[PDB]
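# A closer look at the structure
Next come the chains, spelled out residue by residue.
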Amino acid sequence: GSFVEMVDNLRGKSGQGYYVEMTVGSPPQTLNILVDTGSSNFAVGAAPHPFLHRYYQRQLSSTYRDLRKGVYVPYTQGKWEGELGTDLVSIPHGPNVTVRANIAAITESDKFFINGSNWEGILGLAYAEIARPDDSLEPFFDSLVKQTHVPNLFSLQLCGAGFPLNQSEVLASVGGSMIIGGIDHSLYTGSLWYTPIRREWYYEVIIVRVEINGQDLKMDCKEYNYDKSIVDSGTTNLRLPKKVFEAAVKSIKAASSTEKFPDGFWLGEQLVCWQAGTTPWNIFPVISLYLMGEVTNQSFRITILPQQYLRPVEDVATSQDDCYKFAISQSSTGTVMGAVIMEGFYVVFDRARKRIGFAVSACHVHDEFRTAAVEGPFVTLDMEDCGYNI
Ligand SMILES: CN1C(=N)N[C@@]2(c3ccc(-c4ccc(F)c(C#N)c4)s3)CN(c3ccccc3)C[C@H]2C1=O
């Protein structure tokens, strides 16, 4: 592990998001910021809000610069509106550098800040193409790389606890690591396997095969990436295109058929509980996603366990049972490899080489009989045909 200053710098959980501490302004104002590989704006609360105990106060920063322009982001998971500007930004448990970056000061919002959560802003780590209002607003990481000698790469280790963390626990527990500018070998086991970044906007990738307990879902691979497949730390679930979700759930139900679960469980709405320690992990199947490799006609697979796709939740009766929600859900905007997927792996966003690497995470939850895996290579033909074009 060569990046000790950044190891264990994240806090949070899949249902709340994972955040890192950052400072903005002069003198520095500390804020907790959600790490989001699914967007490209650095946006922070900049006005009082019932669910925030602190916010960016531009009038107290001597280095604040007003861009005299607004920004409006429509409902996705809450909507917000703000004013653009720039200021000096740093990451305390990060690279020892300070950079001038764009900041969207959020002044009005709806269903964006969450009651009970501990983050006050979001750090969009994707590319300029999807930045708002348009691609002229340079994202934070681009600024960081342009202004310093930090390598054009970051890596994320999101650590699910495997059980519920209460209010106090989630604040005191280490939720993972965001290594800025490098790869820390203490965070994974085995080898790193890389898949190409198909296009630089979201972190888009191409899935070429899907298995449920080794059984091929057998769909035209284009369906797996309709209309795109992305890696998104800002999404809790593994989200799959409608048709794929339908086929996958049928197969997961069949594999776990020795126990019947209500429709509400498969819809991700209701929890299921078992007596303490008796969760029947073994009846649930492993899920493997094969990704295009860097070599022609070669692919590799990442395999997750039910310990990744069943999200631990507190029982309504705060009993002693072990309860969970099914964290695979449908999407009309493509596959989203969210926290569910990311908690099983150390993920390397190698922007410099336009590729994303995966290795088994040193903090993934498993049991004595099965473990998450990253394996290859496999011979796979016509993988380009798996990508979707509008
Ligand atoms: C899926 N997703 C996302 N990855 N980022 C955004 C998020 C807003 C709130 C998020 C949130 C809140 C609580 C949580 F627990 C988790 C998790 N996990 C995530 S993610 C920012 N965004 C966006 C930003 C700027 C311009 C355009 C779009 C599009 C939003 C969105 O729908």
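Throughout, residue numbers begin from 1 within each chain and advance along the sequence as written. They need not agree with those in the entry, and any residue without coordinates is left out. Side-chain numbers here rest on the full set of heavy atoms in the structure, without hydrogens or water.

### A few points about the UniProt feature "active site" in the protein chain
What counts is decided by this rule: UniProt positions are given in the numbering used here, feature names are shortened, and annotations may be inferred rather than shown by experiment. Put simply, DSSP marks the helices as runs of H or I at least four residues long and the strands as runs of E at least two long, and each gets a number from the N terminus on. The buried label goes to any residue with under 20% of its type's maximum accessible area, the exposed label to any with over 50%, and the partly exposed label to all in between, with areas taken from a 1.4 Å probe on protein chains only. We call two residues contacting when some pair of their heavy atoms lies within 4.5 Å.
In the UniProt entry, the feature "active site" is given for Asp36 and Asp232. The greatest C-alpha distance among the residues just named is 6.7 Å, despite their covering 197 residues of sequence, which places them together in space. Within the secondary structure, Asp36 is located in strand β3 (residues 29-36). Residue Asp36 is classed as buried on the basis of its relative accessible area of 9%. In this structure, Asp36 is in contact with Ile122, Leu123, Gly124, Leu125, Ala126, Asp232, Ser233 and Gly234, ignoring residues within four places of it in sequence. Position of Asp232 among the secondary structure elements: in the loop between β14 (229-231) and β15 (238-241).

### Let's talk about helix α3 (residues 242-255)
Residue pairs spaced three or four apart in an α-helix point in one direction, given the helix's 3.6 residues per turn. The test is simple: By definition here, a helix of n residues has an expected span of 1.5 Å times n minus one. In this context, the arc is that of the directions from the helix axis out to the C-beta atoms.
In a regular helix each residue adds 1.5 Å, so 14 residues correspond to 20 Å; α3 covers 20 Å between its end C-alpha atoms and thus fits that length. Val244, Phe245, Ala248, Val249, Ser251 and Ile252 are the residues of α3 that are buried. On an axial view of α3, the arc spanned by its buried residues comes to 165 degrees, and they lie on one face. Exposed side of α3, more than 90 degrees from the buried face: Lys250 and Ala254 are the residues found there.

### Some thoughts on the sheet that holds strand β25 (residues 373-379)
Strands pair in a sheet through their backbones, by hydrogen bonds, and they do so in one of two ways: parallel or antiparallel. Our working rule: Note: two strands are recorded as paired if DSSP finds a minimum of 2 bridges between them.
Pairing in this open sheet of five strands is antiparallel, and the strands run β13-β12-β17-β18-β25 from one edge to the other. Among the strands making up the open sheet, the edge pair consists of β13 (215-216) and β25. For strand β12 (residues 207-212) and strand β17 (residues 287-292), the ladder comprises five bridges, and the chain directions are antiparallel. Bridge pairing links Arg209 to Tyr290 in β17.

### With respect to the side chain of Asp350
As for its position among the elements, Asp350 is in strand β23 (residues 345-350). Residue classification places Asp350 among the buried positions, given a relative accessible area of 4%. Filtering out sequence-adjacent residues up to four positions away, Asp350 remains in contact with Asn152, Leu153, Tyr194, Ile197 and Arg355.

### Points about the sheet that holds strand β22 (residues 335-337)
Where we set the bar: The axes used here are C-alpha line fits, helices contributing only the stretch in contact, and every angle between their N-to-C directions lies in the interval 0 to 180 degrees.
Overall, mixed pairing links the four strands, which are arranged β14-β22-β15-β21 in an open sheet. Of all the strands in the sheet, just β14 and β21 (328-331) have a single pairing partner and so form its edges. Looking at each pair of strands side by side, their axes are set apart by 25 degrees on average, direction ignored. Summarising the sheet, β15 and β21 pair through four bridges and their orientation is parallel. Of the residues in β21, the one forming a bridge with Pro241 is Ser331. Strands in contact with α3 are β15 and β21; relative to β15, the strand with the most contacts, it is inclined by about 115 degrees.

### Some points on the pairing of strand β2 (residues 17-24)
Taking burial as the measure, the eight residues of β2 include seven buried ones, the bulk of the element. A loop of three residues connects strand β1 (residues 10-13) with β2, the two strands running antiparallel in sequence. The hairpin turn running from β2 into β3, its antiparallel successor, is four residues long, and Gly25 in that turn takes a positive phi close to 85 degrees.

### Remarks on the nonpolar core
To be explicit about the condition: Remark: nonpolar core denotes a set of buried residues (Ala, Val, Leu, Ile, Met, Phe, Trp, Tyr, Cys) joined through side-chain atoms within 4.5 Å. Each domain's limits were defined by an automated method or a database of domain assignments.
Judged by nonpolar contacts, the single largest core of 99 residues is most densely connected at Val231, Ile302, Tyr309, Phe326 and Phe358. Two domains each provide a minimum of three residues to this core, namely domain 1 (18-150) and domain 2 (151-390). If we skip the residues at most four places from it in the chain, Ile302 touches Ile287, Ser288, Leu289, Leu291, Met337, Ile341, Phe345, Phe358, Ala373 and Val374. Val73, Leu84, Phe113 and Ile122 belong to the second-largest nonpolar core, a separate cluster that totals 15 residues.

### Comments concerning the site of the ligand
The condition that has to hold: Here a residue counts as near a molecule or strand whenever at least one of its heavy atoms sits within 4 Å of it. Any pair of N or O atoms that falls within 3.5 Å is considered a polar contact. Within protein, one atom must be able to donate a hydrogen and the other to accept it, and sequence-neighbouring residues count only if both atoms are side-chain atoms. Under the convention used here, a 1.4 Å probe and the Shrake-Rupley method define accessible areas, while residue burial counts only the protein chains that appear.
Taken together, 20 residues are adjacent to the ligand, and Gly15, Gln16, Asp36, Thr76 and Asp232 come closest. Between the ligand and the protein, one listed contact pairs a nitrogen atom with a backbone N or O atom of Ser14 at 3.4 Å. Between the ligand and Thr236 there is a distance of 3.4 Å, counted from a nitrogen atom to a side-chain nitrogen or oxygen. Burial of the ligand by the protein chains amounts to 87% of its free accessible area of 650 Å². Both domain 1 (18-150) and domain 2 (151-390) contribute no fewer than three residues apiece to the shell around the ligand.

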